[PDB]
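For reference, the chain that follows is the form deposited in one PDB entry, supplied as structure tokens.
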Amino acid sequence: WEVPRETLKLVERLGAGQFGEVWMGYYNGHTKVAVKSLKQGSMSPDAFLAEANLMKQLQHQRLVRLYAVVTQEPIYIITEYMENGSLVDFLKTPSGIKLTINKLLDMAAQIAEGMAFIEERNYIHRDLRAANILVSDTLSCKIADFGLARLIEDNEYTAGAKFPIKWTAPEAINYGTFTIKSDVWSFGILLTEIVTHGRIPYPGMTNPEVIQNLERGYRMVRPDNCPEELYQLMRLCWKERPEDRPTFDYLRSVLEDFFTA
């Protein structure tokens, strides 16, 4: 997995943040890659490499696959470059805009397939949303960046760190209890993003507004142009009781059929 740092040529910053940056570059000149570098101090070089180790163990068709690493400060995590960036951005570009519900549902099914495997392996995402879904040149999707429990859950630190309100389940917002079921709720919201081609969820509301209404049992209205059948699948994702929400396997199962229809 190790590669001399010389085989990498950074070219364009893609993302920056608390723990480092993500750059687009080349490996041995010909291979286009995405490189994540750890910001010295931001976090243990060990906890940083944890993400890589998880990646090796969690390889799958619909998940971001590790390519290589550089284990000397500054540590790098390298993956292959996904040409169309993040799903949420892709859906607003001319190509993404013209996509028919069929192609959209297929993509939704791919994500559901990725989540089924994650559920299968006893893991949780914690920050499932279109911004963390990557799209390749042939429009196949892959799930990326699990949300760090350190910054999203209840503990010493967050005690005052927070999360993406509009995508988070009621139980997680209130009691900080994140399970695969809250990832399911989240999937429901991700579903609306896809069908609306990137529109922000709960149009017309602020985060504190969302929170208030959620208590009264409020749920997003079916988007114009969203099949009513698909809509009721979303409603299953937003059931009040977590244990009442469907599994990704079923979701994956049901999405694949709307698509062959």
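C-alpha atoms forming the largest set that superposes within 1.5 Å between two forms make up the rigid core. Numbering starts at 1 and runs along the sequence shown.
Although it is not shown, the form deposited in another entry is what the next lines describe.
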Please name the one residue from 43, 63, 233, 34 with a C-alpha displacement of 2 Å or more between the shown form and the other one, using the rigid core for the superposition. 43
C-alpha of residue 150 moved at least 2 Å between the shown form and the other one on rigid core: yes
In that other deposited form, whether the C-alpha atoms of residue 168 and residue 153 sit closer or farther than here (change of 3 Å or more): farther
Did residue 60 and residue 149 drift closer or farther in that other deposited form, going by a CA distance change of 3 angstroms or more? closer
